[PDB]
file coords-v2.cif (mmCIF, C-alpha atoms and all ligand atoms)
data_start
loop_
_atom_site.label_atom_id
_atom_site.label_comp_id
_atom_site.auth_asym_id
_atom_site.auth_seq_id
_atom_site.Cartn_x
_atom_site.Cartn_y
_atom_site.Cartn_z
CA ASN L 764 0.00 0.00 0.00
CA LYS L 765 2.74 2.35 1.01
CA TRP L 766 4.71 2.42 -2.26
CA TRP L 767 1.80 2.09 -4.67
CA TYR L 768 -0.75 4.29 -2.93
CA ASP L 769 0.77 6.22 0.00
CA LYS L 770 3.12 7.67 -2.63
CA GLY L 771 0.01 7.91 -4.82
CA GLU L 772 -0.02 11.09 -6.91
CA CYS L 773 -3.72 10.42 -7.52
CA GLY L 774 -7.17 10.02 -5.95
CA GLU L 782 -17.00 20.23 -11.85
CA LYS L 783 -19.78 22.81 -11.63
CA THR L 784 -22.48 22.04 -14.15
CA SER L 785 -21.65 23.79 -17.39
CA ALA L 786 -23.95 25.86 -19.57
CA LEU L 787 -25.51 23.81 -22.27
CA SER L 788 -23.71 24.07 -25.57
CA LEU L 789 -24.95 24.36 -29.13
CA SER L 790 -23.63 20.82 -29.75
CA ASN L 791 -26.23 19.01 -27.64
CA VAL L 792 -29.23 20.77 -29.14
CA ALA L 793 -27.86 20.92 -32.69
CA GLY L 794 -30.05 18.08 -33.89
CA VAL L 795 -33.23 19.94 -33.11
CA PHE L 796 -31.94 22.90 -35.13
CA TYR L 797 -31.24 20.59 -38.07
CA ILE L 798 -34.77 19.18 -37.82
CA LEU L 799 -36.19 22.71 -37.64
CA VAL L 800 -34.46 23.91 -40.76
CA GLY L 801 -35.26 20.67 -42.56
CA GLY L 802 -38.91 21.11 -41.73
CA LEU L 803 -38.82 24.70 -43.00
CA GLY L 804 -37.33 23.49 -46.26
CA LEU L 805 -39.92 20.76 -46.55
CA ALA L 806 -42.73 23.23 -45.87
CA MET L 807 -41.44 25.56 -48.56
CA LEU L 808 -41.23 22.67 -51.00
CA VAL L 809 -44.78 21.53 -50.29
CA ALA L 810 -46.15 25.05 -50.68
CA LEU L 811 -44.38 25.49 -54.00
CA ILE L 812 -45.63 22.13 -55.26
CA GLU L 813 -49.22 23.04 -54.39
CA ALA W 665 -2.51 8.52 8.92
CA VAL W 666 -3.95 11.92 8.05
CA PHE W 667 -1.07 14.15 9.06
CA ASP W 668 1.54 11.81 7.59
CA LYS W 669 -0.38 11.74 4.31
CA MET W 670 -0.46 15.54 4.30
CA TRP W 671 3.31 15.57 4.91
CA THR W 672 3.92 13.14 2.06
CA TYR W 673 1.84 15.30 -0.27
CA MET W 674 3.60 18.52 0.80
CA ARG W 675 7.05 17.00 0.25
CA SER W 676 5.80 15.51 -3.04
CA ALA W 677 4.32 18.81 -4.30
CA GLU W 678 5.40 20.90 -7.30
CA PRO W 679 5.28 23.93 -7.30
CA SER W 680 6.46 24.46 -3.71
CA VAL W 681 3.62 24.43 -1.17
CA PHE W 682 6.02 25.43 1.61
CA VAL W 683 7.09 29.00 2.29
CA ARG W 684 10.00 30.71 4.04
CA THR W 685 7.93 33.08 6.22
CA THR W 686 4.49 33.39 7.79
CA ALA W 687 3.89 36.75 6.08
CA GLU W 688 4.49 35.28 2.62
CA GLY W 689 2.31 32.27 3.53
CA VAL W 690 -0.62 34.52 4.40
CA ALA W 691 0.05 36.61 1.29
CA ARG W 692 0.04 33.44 -0.82
CA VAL W 693 -3.17 32.01 0.63
CA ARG W 694 -4.67 35.39 -0.23
CA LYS W 695 -3.13 35.30 -3.73
CA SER W 696 -4.55 31.88 -4.64
CA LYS W 697 -8.31 32.27 -5.11
CA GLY W 698 -9.01 29.19 -3.00
CA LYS W 699 -6.17 27.06 -4.32
CA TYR W 700 -3.89 27.41 -1.25
CA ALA W 701 -4.31 26.65 2.45
CA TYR W 702 -1.80 27.38 5.20
CA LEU W 703 -1.14 25.30 8.34
CA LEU W 704 0.00 27.42 11.27
CA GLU W 705 -0.44 28.09 14.98
CA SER W 706 -4.01 28.66 16.12
CA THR W 707 -3.25 31.94 17.88
CA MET W 708 -1.47 33.42 14.89
CA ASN W 709 -4.25 32.18 12.61
CA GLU W 710 -6.92 33.93 14.68
CA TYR W 711 -4.87 37.12 14.83
CA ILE W 712 -4.38 37.13 11.07
CA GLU W 713 -8.11 36.48 10.61
CA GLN W 714 -8.77 39.60 12.70
CA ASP B 5 -44.48 52.77 -53.14
CA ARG B 6 -43.38 50.40 -55.90
CA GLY B 7 -40.26 52.36 -56.88
CA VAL B 8 -39.00 52.74 -53.31
CA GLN B 9 -39.79 49.08 -52.58
CA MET B 10 -37.85 47.90 -55.63
CA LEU B 11 -34.85 50.12 -54.83
CA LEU B 12 -34.83 48.96 -51.20
CA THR B 13 -35.02 45.31 -52.28
CA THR B 14 -32.14 45.76 -54.73
CA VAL B 15 -29.95 47.60 -52.22
CA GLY B 16 -30.70 44.99 -49.57
CA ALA B 17 -29.88 42.13 -51.94
CA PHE B 18 -26.58 43.72 -52.90
CA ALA B 19 -25.70 44.40 -49.25
CA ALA B 20 -26.50 40.83 -48.21
CA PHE B 21 -24.49 39.34 -51.07
CA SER B 22 -21.52 41.61 -50.36
CA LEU B 23 -21.61 40.86 -46.63
CA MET B 24 -21.75 37.11 -47.07
CA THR B 25 -19.02 37.11 -49.75
CA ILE B 26 -16.72 39.19 -47.54
CA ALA B 27 -17.43 36.91 -44.56
CA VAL B 28 -16.81 33.67 -46.45
CA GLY B 29 -13.46 34.96 -47.78
CA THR B 30 -12.09 36.85 -44.77
CA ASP B 31 -10.34 35.23 -41.80
CA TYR B 32 -11.56 36.88 -38.58
CA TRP B 33 -14.22 34.36 -37.56
CA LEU B 34 -12.76 33.02 -34.32
CA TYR B 35 -10.29 34.75 -32.02
CA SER B 36 -9.03 31.52 -30.43
CA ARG B 37 -5.59 30.77 -28.93
CA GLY B 38 -3.96 28.24 -31.26
CA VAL B 39 -0.78 27.52 -33.21
CA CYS B 40 0.25 29.73 -36.11
CA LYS B 41 2.46 27.13 -37.83
CA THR B 42 3.31 23.55 -36.84
CA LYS B 43 4.99 20.45 -38.29
CA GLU B 55 4.17 27.95 -27.85
CA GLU B 56 0.48 28.81 -28.16
CA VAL B 57 -0.70 32.29 -29.03
CA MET B 58 -3.73 34.23 -30.27
CA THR B 59 -5.00 33.52 -33.80
CA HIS B 60 -7.45 34.62 -36.50
CA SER B 61 -8.80 31.19 -37.49
CA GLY B 62 -11.14 32.10 -40.33
CA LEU B 63 -13.14 29.68 -42.45
CA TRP B 64 -10.13 28.56 -44.54
CA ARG B 65 -6.81 29.84 -43.14
CA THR B 66 -5.76 30.29 -39.50
CA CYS B 67 -3.48 33.31 -39.55
CA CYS B 68 -1.55 34.05 -36.38
CA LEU B 69 -1.28 37.20 -34.34
CA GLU B 70 0.50 38.73 -31.35
CA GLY B 71 3.15 35.96 -31.59
CA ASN B 72 6.87 36.08 -32.36
CA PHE B 73 5.79 35.91 -36.02
CA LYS B 74 2.48 37.42 -37.14
CA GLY B 75 0.53 37.32 -40.40
CA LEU B 76 1.54 33.72 -41.16
CA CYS B 77 -1.43 31.63 -42.27
CA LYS B 78 -1.82 27.89 -42.82
CA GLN B 79 -4.89 26.03 -44.09
CA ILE B 80 -6.79 24.74 -41.05
CA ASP B 81 -6.08 21.07 -40.44
CA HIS B 82 -9.44 19.57 -41.32
CA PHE B 83 -9.24 15.84 -40.62
CA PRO B 84 -6.10 15.78 -38.38
CA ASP B 92 -17.38 8.05 -36.29
CA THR B 93 -19.47 8.53 -39.44
CA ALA B 94 -21.77 10.95 -37.57
CA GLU B 95 -18.71 13.09 -36.80
CA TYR B 96 -17.17 12.33 -40.21
CA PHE B 97 -20.09 13.90 -42.09
CA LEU B 98 -19.99 17.05 -39.94
CA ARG B 99 -16.22 17.25 -40.44
CA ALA B 100 -16.72 16.97 -44.21
CA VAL B 101 -19.45 19.63 -44.30
CA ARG B 102 -17.34 22.11 -42.33
CA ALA B 103 -14.36 21.39 -44.57
CA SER B 104 -16.15 22.40 -47.74
CA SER B 105 -18.16 25.11 -46.07
CA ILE B 106 -20.84 24.08 -48.53
CA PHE B 107 -23.54 25.90 -46.61
CA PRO B 108 -21.83 29.31 -46.48
CA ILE B 109 -20.89 28.92 -50.14
CA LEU B 110 -24.40 27.75 -51.02
CA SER B 111 -25.76 30.78 -49.19
CA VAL B 112 -23.56 32.98 -51.37
CA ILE B 113 -24.68 31.22 -54.54
CA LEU B 114 -28.37 31.49 -53.64
CA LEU B 115 -27.95 35.20 -52.88
CA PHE B 116 -26.31 35.65 -56.28
CA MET B 117 -29.15 33.81 -58.03
CA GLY B 118 -31.68 35.97 -56.18
CA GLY B 119 -29.76 39.00 -57.40
CA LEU B 120 -30.04 37.69 -60.95
CA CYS B 121 -33.79 37.24 -60.50
CA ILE B 122 -34.24 40.77 -59.18
CA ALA B 123 -32.18 42.14 -62.08
CA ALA B 124 -34.36 40.23 -64.56
CA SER B 125 -37.35 41.77 -62.73
CA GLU B 126 -36.98 45.17 -64.40
CA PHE B 127 -36.32 43.72 -67.85
CA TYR B 128 -38.52 41.08 -69.43
CA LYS B 129 -41.09 42.05 -66.78
CA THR B 130 -44.82 41.27 -66.36
CA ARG B 131 -43.83 37.63 -65.71
CA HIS B 132 -44.57 38.07 -61.99
CA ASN B 133 -42.92 34.74 -61.11
CA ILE B 134 -39.29 35.91 -61.16
CA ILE B 135 -39.98 38.22 -58.23
CA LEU B 136 -41.36 35.21 -56.37
CA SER B 137 -38.19 33.37 -57.39
CA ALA B 138 -36.09 36.16 -55.89
CA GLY B 139 -38.05 35.88 -52.65
CA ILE B 140 -37.62 32.12 -52.50
CA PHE B 141 -33.90 32.40 -53.23
CA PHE B 142 -33.35 34.96 -50.49
CA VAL B 143 -35.26 32.92 -47.94
CA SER B 144 -33.37 29.78 -48.92
CA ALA B 145 -30.09 31.70 -48.69
CA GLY B 146 -31.00 32.66 -45.14
CA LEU B 147 -31.77 29.05 -44.23
CA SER B 148 -28.49 27.89 -45.78
CA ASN B 149 -26.64 30.55 -43.81
CA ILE B 150 -28.18 29.49 -40.50
CA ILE B 151 -27.31 25.83 -41.15
CA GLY B 152 -23.77 26.92 -41.95
CA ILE B 153 -23.47 28.87 -38.70
CA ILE B 154 -24.69 25.94 -36.65
CA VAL B 155 -22.31 23.53 -38.42
CA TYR B 156 -19.38 25.87 -37.88
CA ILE B 157 -20.08 26.44 -34.19
CA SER B 158 -20.58 22.69 -33.68
CA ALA B 159 -17.30 21.82 -35.45
CA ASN B 160 -15.33 24.02 -33.02
CA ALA B 161 -16.56 22.13 -29.91
CA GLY B 162 -13.51 19.85 -29.91
CA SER B 173 -11.52 30.73 -24.11
CA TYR B 174 -12.43 32.19 -27.50
CA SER B 175 -14.47 34.89 -29.20
CA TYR B 176 -16.14 35.54 -32.54
CA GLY B 177 -14.74 38.09 -34.96
CA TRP B 178 -16.36 40.63 -37.24
CA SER B 179 -16.53 38.22 -40.18
CA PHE B 180 -18.80 35.88 -38.23
CA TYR B 181 -21.05 38.82 -37.42
CA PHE B 182 -20.93 39.80 -41.07
CA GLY B 183 -22.38 36.40 -41.84
CA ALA B 184 -25.06 36.91 -39.18
CA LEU B 185 -26.00 40.36 -40.49
CA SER B 186 -26.15 38.84 -43.96
CA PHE B 187 -28.70 36.34 -42.67
CA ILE B 188 -30.94 39.02 -41.20
CA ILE B 189 -30.75 41.25 -44.28
CA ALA B 190 -31.44 38.29 -46.57
CA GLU B 191 -34.57 37.46 -44.59
CA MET B 192 -35.78 41.07 -44.73
CA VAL B 193 -35.21 41.24 -48.48
CA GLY B 194 -37.05 37.96 -48.93
CA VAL B 195 -40.01 39.38 -47.04
CA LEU B 196 -39.89 42.46 -49.28
CA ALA B 197 -39.81 40.32 -52.42
CA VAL B 198 -42.74 38.15 -51.37
CA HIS B 199 -44.81 41.17 -50.33
CA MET B 200 -43.97 42.90 -53.61
CA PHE B 201 -45.08 39.87 -55.60
CA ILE B 202 -48.32 39.78 -53.62
CA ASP B 203 -48.90 43.47 -54.36
CA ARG B 204 -48.28 42.81 -58.04
CA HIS B 205 -50.88 40.02 -58.15
CA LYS B 206 -53.29 42.24 -56.15
CA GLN B 207 -52.91 45.03 -58.72
CA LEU B 208 -53.32 42.54 -61.57
CA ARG B 209 -56.64 41.22 -60.19
CA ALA B 210 -57.97 44.83 -60.15
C1 LIG Z 901 -36.89 38.48 -29.90
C2 LIG Z 901 -35.81 39.57 -30.01
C3 LIG Z 901 -34.64 39.50 -29.02
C4 LIG Z 901 -33.31 40.09 -29.48
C5 LIG Z 901 -32.26 40.18 -28.39
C6 LIG Z 901 -31.07 41.09 -28.68
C7 LIG Z 901 -29.94 41.04 -27.65
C8 LIG Z 901 -28.56 41.35 -28.21
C9 LIG Z 901 -27.39 41.31 -27.22
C10 LIG Z 901 -26.04 40.92 -27.83
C11 LIG Z 901 -24.95 40.47 -26.84
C12 LIG Z 901 -23.66 39.93 -27.50
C13 LIG Z 901 -22.50 39.63 -26.54
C14 LIG Z 901 -21.15 39.34 -27.24
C15 LIG Z 901 -20.36 38.16 -26.67
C16 LIG Z 901 -19.05 37.80 -27.35
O1 LIG Z 901 -19.07 37.18 -28.45
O2 LIG Z 901 -17.98 38.14 -26.80
#
call {"tool": "encode", "arguments": {"input": "coords-v2.cif", "output": "structure tokens"}}
result
Amino acid sequence: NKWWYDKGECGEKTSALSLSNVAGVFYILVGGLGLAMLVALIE
Amino acid sequence: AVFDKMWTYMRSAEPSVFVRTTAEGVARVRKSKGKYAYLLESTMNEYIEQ
Amino acid sequence: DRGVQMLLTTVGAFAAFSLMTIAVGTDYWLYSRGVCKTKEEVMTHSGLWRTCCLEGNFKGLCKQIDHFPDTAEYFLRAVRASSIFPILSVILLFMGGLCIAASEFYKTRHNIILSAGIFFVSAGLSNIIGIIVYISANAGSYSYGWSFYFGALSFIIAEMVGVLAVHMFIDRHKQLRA
């Protein structure tokens, strides 16, 4: 224990939520806007 | 256990945790935001706190 | 009035196209702290294509960003590499400009103004996708430079000009039916 651990060199706040873990919903949003425009133009 | 472990850490610390004077120790614990703590005599500690 | 509306649409289209073209060619997108030239970390420019250095021992040196130093990540890496969406935004703005120019000549068609509107709106959507892709690609301190905000201002102006075009087409068809 002494030489492997007693000499052991070894054994945080929530971060704001980044554009990377809601990016998918943005992609879906813009895709849906494109689809809506396409449908309107077809009609 | 506890005090010996603290000693082993302090000897095995880089940069240097130790200081040469009480005044610089207090100055350092102030300098580090909360990254330094100083172990010293209770009476002196209370006086410095006041 | 029709004259003022057309002038404002044309000026807006030109401004949006100029802004996006400047942004997609200039280098001041991301004031990060990276490496000017490798194979000591300092401030950088880090545009869309070349990451010029700054404030270092040697300034002004630029090297093409090391795209491609997980297929889900691979596709995003590819899309940022080409910057298809910013470029596609620029192309769509140019095509909308062509439509608006053809508005005055060969007029009374009434469907080229609608085309201009659709192109401007699509250019805005392309621009927003491009911004999201770019910001996502750089999640692996910093700040955003004036070229990034040029892209953003381009998006807003493109959307306003698209609204103008669609409203102008509606007014044209309202006049025609009376
Ligand atoms: C629904 C309309 C709401 C519009 C809200 C407008 C608020 C604009 C404030 C801009 C703050 C930008 C801070 C810059 C940060 C940086 O990049 O260093």
call {"tool": "interface_residues", "arguments": {"input": "coords-v2.cif", "of": "chain W", "to": "chain L", "cutoff": "12 Å", "atoms": "all atoms listed in the file", "output": "PyMOL selection string"}}
result
chain W and resi 665-666+668-678
call {"tool": "closest_residue", "arguments": {"input": "coords-v2.cif", "among": "W:696, W:684, W:690, W:679", "to": "residue 711 of chain W", "atoms": "only C-alpha atoms"}}
result
W:690
call {"tool": "residues_around", "arguments": {"input": "coords-v2.cif", "residues": "residue 811 of chain L", "least_positions_apart": "2", "cutoff": "12 Å", "atoms": "all atoms listed in the file", "output": "NGL selection string"}}
result
(:L and (804-809 or 813)) or (:B and (133 or 136-137 or 140))
call {"tool": "residues_near_ligand", "arguments": {"input": "coords-v2.cif", "ligand": "ligand LIG 901 (chain Z)", "cutoff": "9 Å", "atoms": "only C-alpha atoms and all ligand atoms", "output": "list in words"}}
result
residues 174, 175, 176 and 177 of chain B
call {"tool": "residues_around", "arguments": {"input": "coords-v2.cif", "residues": "residue 182 of chain B", "least_positions_apart": "4", "cutoff": "9 Å", "atoms": "all atoms listed in the file", "output": "ChimeraX atom specification"}}
result
/B:23-24,26-27,177-178,186-187
call {"tool": "closest_atom_pairs", "arguments": {"input": "coords-v2.cif", "of": "chain L", "to": "chain B", "cutoff": "7 Å", "atoms": "all atoms listed in the file", "output": "Markdown table"}}
result
| residue | atom | partner | partner_atom | distance |
| --- | --- | --- | --- | --- |
| L:789 | CA | B:158 | CA | 6.5 |
| L:790 | CA | B:158 | CA | 5.3 |
| L:800 | CA | B:147 | CA | 6.8 |
call {"tool": "atom_distance", "arguments": {"input": "coords-v2.cif", "atom1": "atom CA of residue 792 of chain L", "atom2": "atom CA of residue 101 of chain B"}}
result
18.1 Å
call {"tool": "atom_distance", "arguments": {"input": "coords-v2.cif", "atom1": "atom CA of residue 173 of chain B", "atom2": "atom CA of residue 59 of chain B"}}
result
12.0 Å
call {"tool": "atom_distance", "arguments": {"input": "coords-v2.cif", "atom1": "atom CA of residue 185 of chain B", "atom2": "atom CA of residue 60 of chain B"}}
result
19.8 Å
